[PDB]
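Residue-level listing of the chains:
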Amino acid sequence: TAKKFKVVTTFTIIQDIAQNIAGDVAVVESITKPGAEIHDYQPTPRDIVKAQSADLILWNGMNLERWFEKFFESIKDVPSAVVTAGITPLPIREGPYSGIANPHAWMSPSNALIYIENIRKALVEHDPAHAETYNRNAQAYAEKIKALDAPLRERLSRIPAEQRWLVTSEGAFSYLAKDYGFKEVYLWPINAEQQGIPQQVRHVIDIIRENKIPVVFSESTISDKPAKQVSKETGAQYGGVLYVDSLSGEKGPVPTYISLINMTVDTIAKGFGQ
Ligand SMILES: [Mn+2]
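J.: Please give an account of the sheet that holds strand β2 (residues 26–30) that cites residues and values.
T.: Pairing in this open sheet of four strands is parallel, and the strands run β2-β1-β3-β4 from one edge to the other. If you trace the sheet from one side to the other, it starts and ends with β2 and β4 (80–82), each paired once. Pairwise comparison of adjacent strand axes, ignoring direction, gives a mean angle of 25° for this sheet. In the packing of helix α1 (residues 12–22) onto the sheet, contacts are made with β1 (5–9), β2 and β3 (56–59), and the angle to β2 comes to roughly 175°.

So this is what it looks like as structure tokens:
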């Protein structure tokens, strides 16, 4: 066991999934730090160094990392792999990114099985000496992710179907909402320029009052202020922060992809009174 295979991912969710497949034969590091905004991140010369010293670079695609393709052009002789191949996208409904794929495919545990398989195939292709370890690790981790779905689905099914409105800041939850039958309301369709402008807040407030939706949420890499404004002006409580674009630090409450899915579903469920 000389030097371990080095994998660099764009952001922390892919880092944790890939590290579960890598196990002990590869080290996986994320370009973006926990808590950093991932959509419009601005890479630095130190990020170039980190990616250039990798043996393999993984990214989400589906219009997540607006910085990645310009960034990757600076990188020489390092293979890359998009980990969303074979996932059917949901389009963004409105705004300047309307009609392109929503990037947040990982919030569906079913979709995470495809992430796992894409990451497995890339590691097997570019580090074939350890294919047996990657294959075995991916099979074990897929087993965990697959069993994750039933308790979550049952938990959210307790909410009456007609009351299943998921009101968040970024429209980051479309794939989770589809899986578990939530209608989707958000202050902005995808992180970008305009986030909490008027008209946006206005429309969400009207839908809240119309349907007496009991709770609204923010997310961990953006400002909580628009969501707290919406809850102050309406009958909805501020349900807290959901995790979607970033894990927490390793000593934080959301250190892993599994903990992110569980925490986000628990917070939603608690926002509705379990
Ligand atoms: Mn996002």
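J.: Give me the lowdown on the packing of α1 against helix α5 (residues 131–157), citing residues and values where you can.
T.: Where α1 contacts α5, the two axes come as close as 7 Å, and the packing angle between them is 120°. Comparing the axis directions of α1 and α5 gives the class oblique. Counted together, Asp16, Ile17, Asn20, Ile21 and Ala22 of α1 and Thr133, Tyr134, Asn137, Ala138 and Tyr141 of α5 form the full contact between these two elements. Among the residues making up the contact of α1 with α5, the classes are represented as six nonpolar, three polar and one charged.

J.: Account for the coordination of the manganese ion, with residues named and values stated.
T.: Protein coordination at the manganese ion comes from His39 (NE2), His104 (NE2), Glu170 (OE), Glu170 (OE), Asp245 (OD) and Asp245 (OD), with a distance range of 2.0 to 2.7 Å. Coordination at the manganese ion comes from six donor atoms whose angles at the metal span 52 to 164°, giving a geometry best classed as irregular. The sequence motif formed by the donor residues of the manganese ion is H-x64-H-x65-E-x74-D. Pair noted here: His39 is in the loop between β2 and α2 (45–52) and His104 is in the loop between β4 and α4 (109–126), with a separation of 65 residues, a long-range link.

J.: Which residues make up the nonpolar core, and what values go with them?
T.: Grouped together as the largest cluster of nonpolar side chains are 60 residues, with contacts concentrated most on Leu58, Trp106, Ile119, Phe182, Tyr257 and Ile268. Domain assignment of the residues forming this core places at least three in each of domain 1 (5–157) and domain 2 (158–272). Those residues in contact with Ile119 that lie beyond four places of it in its chain are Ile14, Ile17, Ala18, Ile21, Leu58 and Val83. Counting 16 residues, the second-largest nonpolar core is a separate cluster that includes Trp165, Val167, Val204 and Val230.

J.: Go over the domain arrangement of the protein chain, please, and point to the residues and values.
T.: Accessible area lost upon the coming together of the parts is a frequently used measure of interface size. You can read the domains of the protein chain as domain 1 (5–157) and domain 2 (158–272). Taking only C-alpha atoms, the centre of domain 1 and the centre of domain 2 are 23 Å apart. Between domain 1 and domain 2, the residue contacts involve 46 residues of the former and 43 residues of the latter. Roughly 3,800 Å² is buried in total at the junction of domain 1 and domain 2, and carbon and sulfur atoms are behind 59% of that figure. When the buried area of domain 1 at its contact with domain 2 is split by residue, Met107, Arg155 and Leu156 rank highest and sum to 23% of it. For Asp266, the salt bridge identified is with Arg155, shortest N-O distance 2.7 Å. Among the secondary structure elements, those contributing two or more residues to the side of domain 1 that touches domain 2 are α1, α4 and α5.

J.: With reference to specific residues and values, describe the packing of α1 against α4.
T.: Where α1 meets α4, the axes come as close as 10 Å, and the angle between the chain directions of the two elements is 60°. Between α1 and α4, the interaxial angle falls into the category oblique. Here the hand of the crossing between α1 and α4 comes out right-handed. For the pair α1 and α4, contact is made by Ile14, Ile17, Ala18, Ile21 and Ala22 and by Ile116, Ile119, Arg120 and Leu123, respectively. For the contact of α1 with α4, the per-class residue count stands at eight nonpolar, no polar and one charged.

J.: An account of the side chain of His39 is requested, with residue identities and associated values reported.
T.: Look at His39 and you get buried, because its relative accessible area is 0%. One polar contact links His39 to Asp245, side chain to side chain, over a distance of 3.0 Å. Among all residues touching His39, those that are not within four sequence positions of it are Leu64, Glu65, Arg66, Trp67, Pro103, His104, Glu170, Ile190, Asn191 and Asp245.

J.: So what's going on with unusual backbone geometry? Residues and values would help.
T.: If you check the backbone angles, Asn63 has positive phi at about 65° while not being a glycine. Along the chain, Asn63 falls in the loop between β3 and α3 (68–72). For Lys212, which is not a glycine, the phi torsion comes out positive at approximately 50°. The residue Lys212 is located in the loop between α7 (200–211) and β7 (215–219) in this model.

Parameters and conventions
- Residues numbered from 1 in each chain as written, not as in the entry; some residues may be left out.
- Heavy atoms only, no water.
- Pairing = 2+ DSSP bridges.
- Helix = DSSP H or I, 4+ residues; strand = E, 2+ residues; numbered from the N terminus.
- Axes fitted to C-alpha atoms, helices over the stretch in contact; angles between N-to-C directions.
- Contact = heavy atoms within 4.5 Å.
- Parallel < 35°, antiparallel > 145°, perpendicular 65-115°, else oblique.
- Nonpolar A, V, L, I, M, F, W, Y, C, P; charged D, E, K, R; others polar.
- Donors = N, O, S within 2.8 Å, 3.2 Å for Na, K, Ca; no water.
- Tetrahedral: all angles 85-135°; square planar, octahedral: opposite > 155°, others 65-115°.
- Core = buried A, V, L, I, M, F, W, Y, C linked by side-chain atoms within 4.5 Å.
- Buried < 20%, exposed > 50% of the residue type's maximum accessible area, 1.4 Å probe, protein only.
- Domains from an automatic or database assignment.
- Buried area = accessible area lost by both parts, 1.4 Å probe.
- Salt bridge = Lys/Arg side-chain N within 4 Å of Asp/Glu carboxyl O.
- Left-handed = near helix turned anticlockwise from the far one by under 90°.
- Polar contact = N/O pair within 3.5 Å; in protein donor to acceptor, adjacent residues only side chain to side chain.

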